[PDB]
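>>> Structure for the following, please:
(chains A, B, C, D and E, ligands or ions: 3)
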Amino acid sequence: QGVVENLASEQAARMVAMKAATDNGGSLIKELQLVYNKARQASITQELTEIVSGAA
Amino acid sequence: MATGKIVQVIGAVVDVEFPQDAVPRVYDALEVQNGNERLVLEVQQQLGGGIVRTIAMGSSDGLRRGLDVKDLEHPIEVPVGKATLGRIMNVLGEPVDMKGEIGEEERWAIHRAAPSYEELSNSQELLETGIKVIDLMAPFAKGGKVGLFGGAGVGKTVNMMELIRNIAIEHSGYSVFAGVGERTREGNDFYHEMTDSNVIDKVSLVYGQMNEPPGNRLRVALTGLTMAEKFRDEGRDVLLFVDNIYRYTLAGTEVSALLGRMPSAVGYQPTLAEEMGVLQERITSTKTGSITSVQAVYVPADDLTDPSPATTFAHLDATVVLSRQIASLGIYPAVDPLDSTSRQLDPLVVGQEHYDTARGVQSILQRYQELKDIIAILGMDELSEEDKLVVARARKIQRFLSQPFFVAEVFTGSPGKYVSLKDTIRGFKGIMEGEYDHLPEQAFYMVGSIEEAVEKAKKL
Amino acid sequence: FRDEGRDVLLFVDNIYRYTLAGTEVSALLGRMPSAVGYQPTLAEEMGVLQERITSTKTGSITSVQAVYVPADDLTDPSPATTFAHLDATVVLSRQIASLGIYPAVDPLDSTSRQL
Amino acid sequence: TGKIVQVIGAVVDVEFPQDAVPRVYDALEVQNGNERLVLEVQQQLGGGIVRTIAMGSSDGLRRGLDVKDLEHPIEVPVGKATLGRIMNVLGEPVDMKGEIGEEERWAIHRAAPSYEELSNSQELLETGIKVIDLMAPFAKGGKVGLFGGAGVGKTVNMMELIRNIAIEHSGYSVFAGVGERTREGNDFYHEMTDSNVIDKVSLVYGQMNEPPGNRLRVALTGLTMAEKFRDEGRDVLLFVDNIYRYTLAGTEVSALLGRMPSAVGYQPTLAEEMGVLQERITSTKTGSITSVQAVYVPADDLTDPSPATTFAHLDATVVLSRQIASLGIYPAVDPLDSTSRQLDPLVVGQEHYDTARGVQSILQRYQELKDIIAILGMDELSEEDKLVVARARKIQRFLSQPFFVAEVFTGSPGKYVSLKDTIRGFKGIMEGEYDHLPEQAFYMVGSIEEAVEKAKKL
Amino acid sequence: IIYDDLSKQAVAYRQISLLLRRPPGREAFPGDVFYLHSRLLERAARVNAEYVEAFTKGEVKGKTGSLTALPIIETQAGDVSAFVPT
Ligand SMILES: Nc1ncnc2c1ncn2[C@@H]1O[C@H](COP(=O)(O)OP(=O)(O)OP(=O)(O)O)[C@@H](O)[C@H]1O
Ligand SMILES: Nc1ncnc2c1ncn2[C@@H]1O[C@H](COP(=O)(O)OP(=O)(O)O)[C@@H](O)[C@H]1O
Ligand SMILES: [Mg+2]
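Numbering: from 1, shown residues only, chains lettered A, B, ... in the order given. Ligands and ions are numbered 1, 2, ... in the order given. What follows is the structure:
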């Protein structure tokens, strides 16, 4: 009986742990995307500055 | 008599030499005969030596150096007023439909100054659209800007037609539609869908089709805006639809690049915020009438930090979000109640009853989403009586957000309904506070007012 | 050798520095710069070289070419333009080599139109 | 004898007769209404045209004003008479006291000391702050640089260094206010005068409201004074309020001088402008200059060319970070980037080196565990990785310290920690002998004693 | 030969170029910055004994000479993608 209850407790604990992990993964996506978009905008600005300041 | 001569032709950019005492002013309009067609040039810069640099409102092919340029002493002028309702025009106010010459009581210049401070309305009225989701969750200020954040395929155009219809019938307003950067195919069948729904007599159409040069597309927005200004000066409240504001931003970028000005930010023009402000500050409520605007917004790279969204969001008052998921439920219109918002939702401008009702339905729907995740992972057995009450009232609320349009009768067959704000407030008040718990959720779906919900239930 | 009617092998030890010498030259020729600092004529110059390297009804040239991809990017204009011209493509990857496996060929990006 | 012929922003062009054209860096002079304006020559153009930077307001200049050619550089008061007083970029007194009774004046443009004249020293100069001394020891006669973004504490840290260093230093000192807030300087001056230490400090101010020429040449002036006190054979303390502004002033002027932009819009001569100033603030066989330089980094970007080229010119570099300040931990030094040329087993001893490397190893391992902690949380760590995390968190907290100049913010009393105490504390924490206290016990405590005492107070 | 911070050479050639108003390139470096380091590093060679005999006019026979180079480059936070490092 103790073994079976500990198995059910394992399943419930893994359930709550995976819930927390999924939420933390989404919350990390939302930060990596800000880093990515800022790098995108900066790269466009710098390349176009080199091109326009390159002519003449 | 023509007095200028073309000096250069480089793409859409054309340079013209006038006599030193007569140099045309900025945004003046000029005409040349390009073969056996007239071509309109818009002045952009007054260079030294009496030479003005212009942009061709049409194909610049076939222009020779040394043609004769005729100086119209005014900007591009377009016809205005009631005679333009139901017609289709290009940038220049010329009819592109085949119904022939326009009445032309008056012709007005597209480049106009903005309303000044002492002319602005000393009040902050609301516009009653008659659509339950919008008037409840994202109310429009009269003279405000509204942003439509949805892709095609979810009902953008039927929503637009419903607003046109309701503002024409239930008020005494007209509408102007400006198709900036629109595929020709769409223009054709938007025209068909309005003519086969009897709303065409109450809207004016100006189309900038994508095959047109960048100068055409940019000034198409201003043409629609000046027609709306004429309807405002007549004392009406007017709706102006912009088919994509992002296309206006990009047309400005392209023109600025062609003229050779130094780029800014993420490669946009240096004048980005000024050009947006020039467009958006004319759309306001005055002491005679008002122009309200509903503007479709595209966000580049899904990035809300990009300068075009960042500049546009400075001007929007309300924000309507359309959802593929909500549409899949059979719920129409497919507005998302949790992501759509309006900065008119405060007790100080909208009142405490409306504020607390909107906040209440938002809370119920959010809690319902969390409970629906719990149901997905663990079934309904986990819910307490309070949770089941919340879920039931949330389902009744969600059903009650649907509405039959006078434009949608073709599909549903049900007569269209215009729902007054008081009725919407009362309906969600009642459903939230446990009244009408005794009648089923399908009595609320696609019915109309809450009285109509209970009368649907009695034999459902 | 081809026009004499023979079948020959042409080994070119790196095509990238043809384009790169073109870039150094282009800057001082007064050509207006292009994307990623490359010359405007990059694709034209590459095409004028690669089209001569073919097998005709009179004879055959068989060609093996190494191409430097800067920073393993594989995405900047010089590697991008050169992909179009080739029949067989073998893309060596730093990652496989770093793990110590030779040859470093990536089977998920390498292929031949003879397969 | 000369006429103004173009006026572009802060840059002024002047025409002179072909036989009378000024040398580079000569000082010119103009009447601007009722004001006197000084112009410094930057370039000689063709045909007697000469291009200059206005050392003052450019507003109100017409074309055609007569310019007078003073046939010498900008020269400033120098020596024992400049002590306890506040001065302009042009060497003018800006306090309301009278004339500076200087016996000598030096030109601000000078050649750097020879390689044959240089000197080296291993003498550790203890600074009270615990983190700086353990991680990045600074020796007398060397250069120290405080790197940080906007509002991360690089001014306040320098005020603590001023307090602690002045305990064991007897000689004169020079302070150069370059392109910073006027209020910081005013507050500093009144703190100095109310504690009667002003009699030993000489101050030059070029703060951020002044036009570009003033902010550009104010730094050179301060070096001129520090070099006088060095060349008298003394030892001198030179504090520079913000060296970043000096490069930025050159950026502001550069495009108007007709020069193509480089890298991220900077002047093409950036490295030489920084080097030509940095190489003369140095020690010699006759005397030594000890210097602390605040280094602002734009947009928190430590890879930007100006901070990047500043790194190479310093002996001890302390790198502050916003992420640590946001956690409450002050002084917000990053131990995994702060470094010193003096952290050697021979210089500081094997204990001083082994403790620092243990601290770095533990912290570096803390960083690599953060991604798995972020995704999965701490319970999936190994049973000794948990111990590493606990000790790393304790170490992070014990690096924090109350400052005597932060009582105006924290309200807590300040603390001074000597070397024979902080390395003992960190060695004990690393060896786990103090592992039983809770994390909060180490926050803002001076020594290990105060941590265990604070743990008794929970 | 230990060249130290060959990057701090590239900055110098850039300064000369931009002051001489030549057309700028990527990261504003001159186009011919590859040629600078390329014709410096290719001097590091091992030369056969016949070259040594031809150069020394027969004074040294049968010995090869050598020059070994150890250039040093600084990376901005390790990005190999930069122009001079690549
Ligand atoms: N030891 C400390 N304890 C608490 N707060 C501190 C400490 N050191 C600095 N600060 C905080 O930093 C603020 C600004 O300090 P400081 O002027 O040194 O920063 P900075 O990075 O040099 O800024 P700036 O470049 O704007 O002058 C202080 O007002 C205080 O809030
Ligand atoms: N109120 C509505 N009633 C019935 N169907 C609708 C309604 N709104 C949208 N739809 C359905 O959505 C689909 C696309 O509608 P459409 O008006 O073409 O969208 P959009 O204007 O976004 O292109 C059609 O199948 C249409 O029937
Ligand atoms: Mg400060």
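>>> residues in chain B within reach of ligand 2, list them.
Residues of chain B lying close to ligand 2 (C-beta under 6 Å from any ligand atom) are B:152, B:153, B:154, B:155, B:156, B:157, B:158, B:332, B:405, B:408, B:411. Quick note: C-beta positions are derived from backbone N, CA and C, even for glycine.
>>> Out of those, the closest to residue B:80 would be?
Among the residues of chain B next to ligand 2, residue B:157 lies closest to residue B:80 (C-beta to C-beta), at 25.3 Å.
>>> so which of the residues of chain B next to ligand 2 is the most crowded?
residue B:405 (27 neighbours; other C-beta atoms under 10 Å in any protein chain shown).
>>> thought that one was touching residue B:163?
No - Residue B:405 lies out of contact with residue B:163 (C-beta atoms under 8 Å); the separation is 10.0 Å.
>>> Correct me if wrong, but residue B:255 is in a strand.
No - with DSSP: H, G, I helix; E, B strand; the rest coil as the criterion, residue B:255 is located in helix rather than a strand.
>>> how about it, what does it touch?
B:55, B:214, B:215, B:218, B:269 (C-beta atoms under 8 Å, 6 or more residues apart in numbering or on different chains).
>>> Residue B:185 versus residue B:351, what's the distance?
In this view, residue B:351 and residue B:185 are 45 Å apart by C-beta to C-beta, to the nearest Å.
>>> Which one's more surrounded, these two?
The neighbour comparison of residue B:351 against residue B:185 (other C-beta under 10 Å) goes to residue B:351, with 12 against 9.
>>> Can you give me the neighbour number for the closest residue to chain D within chain E?
For chain E, the residue closest to chain D is residue E:18, as judged by C-beta to the nearest C-beta, at 3.7 Å. When neighbours are defined as other C-beta under 10 Å, residue E:18 has 21 of them.
>>> Residue B:224 contacts residue B:177, doesn't it?
Yes - assessed by C-beta under 8 Å, residue B:224 is found in contact with residue B:177 at 7.0 Å.
>>> Which of the two has more residues huddled nearby?
Neighbours were counted for residue B:224 and for residue B:177 using other C-beta under 10 Å; residue B:224 has more, 26 against 23.
>>> so when I look at that one, I'm seeing a helix, right?
Yes - under three-state DSSP, residue B:224 falls within a helix.
>>> show me the contacts for it.
By C-beta under 8 Å, 6+ apart, the residues touching residue B:224 are B:176, B:177, B:178, B:204, B:206, B:240, B:242.
>>> same deal with residue B:400?
Taking C-beta under 8 Å, 6+ apart, we find residue B:400 in contact with B:132, B:427, B:428, B:431, B:444, B:445, B:450, B:453.
>>> do that again at 10 Å, thanks
Applying C-beta atoms under 10 Å, 6 or more residues apart in numbering or on different chains to residue B:400 gives the contacts B:132-133, B:136, B:361, B:424, B:427-428, B:430-431, B:436, B:441, B:443-450, B:453.
>>> about what we covered before: out of the contacts of residue B:255, which sit inside helices?
B:214, B:215, B:218 (DSSP state H).
>>> wait, what's in contact with the second one?
Which is residue B:215. B:12-13, B:40-42, B:44, B:54-58, B:60, B:91, B:251, B:254-255, B:258.
>>> which residues does residue 43 contact?
Since you didn't name a chain, this refers to chain A. Residues near residue A:43 by C-beta under 10 Å, 6+ apart: residue B:266.
>>> Sorry, I should have been clearer: chain E.
Contacts of residue E:43 by C-beta under 10 Å, 6+ apart are E:1, E:67, E:69.
>>> can you tell me how far the closest residue in space to residue B:105 that isn't next to it in sequence sits from residue B:230?
Excluding its sequence neighbours, the residue lying closest to residue B:105 (C-beta to C-beta, 6 or more residues apart in numbering or on different chains) is residue B:81, at 5.5 Å. Going from residue B:81 to residue B:230 by C-beta to C-beta gives 6 Å.
>>> what does residue B:405 give?
Per C-beta to C-beta, residue B:405 is found 28 Å from residue B:230.
>>> neighbours of residue B:248, just the number please.
27.
>>> Hmm, I typed the wrong one, I wanted residue B:387.
Number of residues near residue B:387 (other C-beta under 10 Å) recorded here: 16.
>>> Do I have it right that it meets residue B:378?
No - if you go by C-beta atoms under 10 Å, residue B:387 and residue B:378 don't touch, sitting 11.8 Å apart.
>>> returning to that earlier point: could you turn the buried ones of the contacts of residue B:400 into a PyMOL selection?
Buried members of these, identified by 16 or more other C-beta atoms under 10 Å in any protein chain shown, are gathered into one PyMOL selection as follows:
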select buried, chain B and resi 132+133+136+361+424+427+428+430+431+436+441+443+444+445+446+447+448+449+450+453
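>>> Show only the entries of the contacts of residue B:400 found in helices.
Per DSSP H, those map to helices at B:132, B:133, B:136, B:361, B:424, B:427, B:428, B:430, B:431, B:450, B:453.
>>> Show the contacting residues for the closest residue to ligand 1 within chain A.
Residue nearest to ligand 1 within chain A (C-beta to the nearest ligand atom): residue A:38, separated by 22.2 Å. Residue A:38 sits next to B:303, B:305 when contact means C-beta under 10 Å, 6+ apart.
>>> Please repeat the previous calculation with a cut-off of 8 Å.
residue B:305.
>>> distance of it from residue D:322?
From residue A:38 to residue D:322 the distance is 16 Å (C-beta to C-beta).
>>> same check, this time on residue B:329
46 Å.
>>> how many neighbours does residue B:12 have?
With other C-beta under 10 Å as criterion, residue B:12 counts 21.
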